[PDB]
Amino acid sequence: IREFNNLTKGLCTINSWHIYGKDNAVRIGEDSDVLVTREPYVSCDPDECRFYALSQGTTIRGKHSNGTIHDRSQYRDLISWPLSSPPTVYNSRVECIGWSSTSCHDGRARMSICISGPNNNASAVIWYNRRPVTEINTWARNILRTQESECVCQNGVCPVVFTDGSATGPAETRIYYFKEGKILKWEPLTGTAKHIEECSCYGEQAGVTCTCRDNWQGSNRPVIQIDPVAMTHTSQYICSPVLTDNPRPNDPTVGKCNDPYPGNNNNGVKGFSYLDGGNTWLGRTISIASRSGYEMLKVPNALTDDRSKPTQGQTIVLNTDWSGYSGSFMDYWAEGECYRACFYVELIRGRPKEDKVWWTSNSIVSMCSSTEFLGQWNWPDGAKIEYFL
Amino acid sequence: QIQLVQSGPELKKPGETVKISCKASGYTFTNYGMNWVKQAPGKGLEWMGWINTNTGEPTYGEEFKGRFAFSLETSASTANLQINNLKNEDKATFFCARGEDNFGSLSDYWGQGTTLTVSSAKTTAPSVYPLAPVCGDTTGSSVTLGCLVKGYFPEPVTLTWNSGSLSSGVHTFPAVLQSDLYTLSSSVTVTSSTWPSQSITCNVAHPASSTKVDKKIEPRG
Ligand SMILES: *[C@@H]1O[C@H](CO)[C@@H](O[C@@H]2O[C@H](CO)[C@@H](O[C@@H]3O[C@H](CO)[C@@H](O)[C@H](O[C@H]4O[C@H](CO)[C@@H](O)[C@H](O)[C@@H]4O[C@H]4O[C@H](CO)[C@@H](O)[C@H](O)[C@@H]4O[C@H]4O[C@H](CO)[C@@H](O)[C@H](O)[C@@H]4O)[C@@H]3O)[C@H](O)[C@H]2NC(C)=O)[C@H](O)[C@H]1NC(C)=O
Ligand SMILES: *[C@@H]1O[C@H](CO)[C@@H](O[C@@H]2O[C@H](CO)[C@@H](O)[C@H](O)[C@H]2NC(C)=O)[C@H](O)[C@H]1NC(C)=O
Ligand SMILES: *[C@@H]1O[C@H](CO)[C@@H](O)[C@H](O)[C@H]1NC(C)=O
Ligand SMILES: [Ca+2]
């Protein structure tokens, strides 16, 4: 738009989910110059929506594809390309260089943030309107990381959640507030949340909600609500017995809102949730131990209730298929009375579980919500690891 | 809750083909593939493979691609494993177990095990004997009397004392193959008041032959 954006509306009634995008990248990738990527997400300009992902700088067939299990390297690049196309060498747009990133449009231009580095000397540069504007350096010197979803903006202020520190210990999280690439304020994590990683954020009614990952002790996600108007936040865990991190212990009958729910430690997988009272939907992998299957379950008042069990569901990826990271996105410039709620699921293929190939990679599925109660299908990446041999 | 019953154990002579059935219950077949495992006697556990109960397509282990073939009758939620050209080295108890996740990295809920004896030996019924003592009070006011199930093929035999009622005091020793056939024995210890006054009996079933035997251990001394 020619003007900043204010999150004036609220969510619409989630009643089922409809397919929004499917890139089919590994399937096509067996014969085109599709790029090896991982950690995808989706973000909308006022004018178009694109798929964003962290490239590994090689084609899946190319011989340099071997060994892409490694998360960070200096051949990683944050790219974007059209909605539902593959990340193709000949049409991805490189957004900045690094191995962690967030990106989001404030209404006028967009901010992209790519962290790069040695694990003890990492540095973020905050690009705004395709130009490098600001740069922040490592405060705790052990892997500076950020979202791997899109950030939400309000009146020019876009809060962004950064964690430097240990993924096995206390880390040192901090909410930063950008307006037009400059740092308005930054404040330390606060609330009962014990450790924050890979936050998934959606905005409604001038408040932004993030649903993250506690790597350390959590099997129940930390929720951070941020107030972009006053530049304040708080964190807590989701009260529901319906545990959504992966791995996890099997769901209790009573859950935990002010501490990690004890069971699977030093591990997790990025995720999201739409937190809205009666209209709360949580996403989770089906396997208690592996990223296979993805489902969306309606768990009313999940955030606040230590007894909330589901009341409606939908299957996105079967348990016999692989899934991965997921996060929230919305089209803030979509004409409506309300905000359509969307999510994406990353579909990992390769190493370590399909180690007959030496590359890891992924495709994407994304859904948005419908108020109709539509029928469900289940959406496989689709490639046969045997044709790459 | 989740139950997986497997077929009854089979006797096949070297070279035949055998389809073991695993009829699954309690969960939704379509969302959880099947694992097949091999419990050899002297070796421990072997993952044989997994079958996508949704798409139908199987991943075999290396030690098994070629005589083993997984398949399923989804209609009855049954997953079946078949072994073609039975080499006697397939003597084991194959398990079906549920793949908690895609590919089976966690088998939560296993099935009962189906035993396979690949032998050329003939099915032979047992000959049962009541082993009364030459009196001999076996420790304080207890008499121990036995029943010997001798020379049959194949395993198993179902020995029970007194139609199940004599459950304490019993030790049924493992059956042992003396080259071509099996010998079995159990003892039971009862108080002197109980015997020869109540009627102690050995009931032995060898279902391979279709044999049901009932021996009174009547006092012969
Ligand atoms: C046409 O399409 C429509 C629209 O989609 C179809 O209707 C939909 O059909 C869905 C599936 O039939 C149905 O979803 C179900 O909704 C119920 C609410 O009534 C919900 O409980 C179900 O969710 C649980 O069950 C699934 C598997 O069934 C689990 O994977 C899921 O995780 C939920 O259960 C787990 O957590 C619960 C909460 O704590 C526990 O109580 C439960 O014991 C279970 O625990 C285990 O699983 C966890 C994950 O594996 C694990 O962590 C835990 O530790 C335990 O091990 C399910 O979503 C939709 O409600 C329905 N929607 C509509 C609008 O109708 C329709 O059928 C289609 N028609 C045809 C003809 O095909
Ligand atoms: C790159 O891919 C090759 C195969 O294209 C990998 O080669 C294997 O590497 C090991 C050592 O790790 C050798 O001993 C094996 O004999 C190789 N054989 C096979 C069949 O792959 C290589 O390791 C991969 N990794 C990297 C980082 O180059
Ligand atoms: C956006 O919101 C702020 C308060 O958060 C308000 O002062 C500003 O004028 C709003 N602009 C528009 C176009 O809504
Ligand atoms: Ca965890």
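Easy rule for this one: first residue shown is 1, then count along the chain.
When the header is checked for method, it gives X-ray crystallography, 2.9 Å.
Note: Cβ is positioned from N, Cα and C throughout, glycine not excepted.
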Pick from A:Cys239, A:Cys257, A:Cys338: which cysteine does Swiss-Prot list as forming a disulfide with A:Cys12?
A:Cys338
Of the candidates A:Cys96, A:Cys151, the one sharing a disulfide with A:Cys114 in Swiss-Prot
A:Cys96
Swiss-Prot has A:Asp214, A:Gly218, A:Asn267 binding Ca(2+). Which one of A:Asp245, A:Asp251, A:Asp305, A:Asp306 is in the same site?
A:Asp245
Among the candidates A:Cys212, A:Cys239, the one bonded to A:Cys257 through a disulphide according to Swiss-Prot is A:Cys239
Suppose we screen the recorded positions A:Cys96, A:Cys158, A:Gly218, A:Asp245, A:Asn267 by Cβ distance to ligand 2 with a cut-off under 6 Å; which survive, in sequence order?
none
Within 10 Å of A:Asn6 (N-linked glycosylation site), Cα to Cα, which of the recorded positions A:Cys49, A:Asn66, A:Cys153, A:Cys199 are there?
A:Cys153
Select, from A:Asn6, A:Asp71, A:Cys210, A:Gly218, A:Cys338, each of the recorded positions with a Cβ positioned under 6 A from at least one atom of ligand 4; if none does, say none.
A:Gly218
Does anything in the same chain, at least 6 positions from A:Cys257 (disulfide bond), have a Cβ under 8 Å from its Cβ, and if so what?
A:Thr192, A:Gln236, A:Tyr237, A:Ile238, A:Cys239, A:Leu303, A:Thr304, A:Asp306
What is the number of other Cβ atoms found within 10 Å of the Cβ of A:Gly218 (Ca(2+) binding site)?
31
Look at the disulfide-bonded residues A:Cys96, A:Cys342 and tell me which residue has the greatest number of other C-beta atoms within 10 angstroms of its C-beta.
A:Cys342
Listed in sequence order, the residues of the same chain lying six or more positions from A:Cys151 (disulfide bond) whose CB sits under 8 Å from its CB are A:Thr102, A:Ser103, A:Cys104, A:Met111, A:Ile113, A:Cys158, A:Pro159, A:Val160, A:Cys201
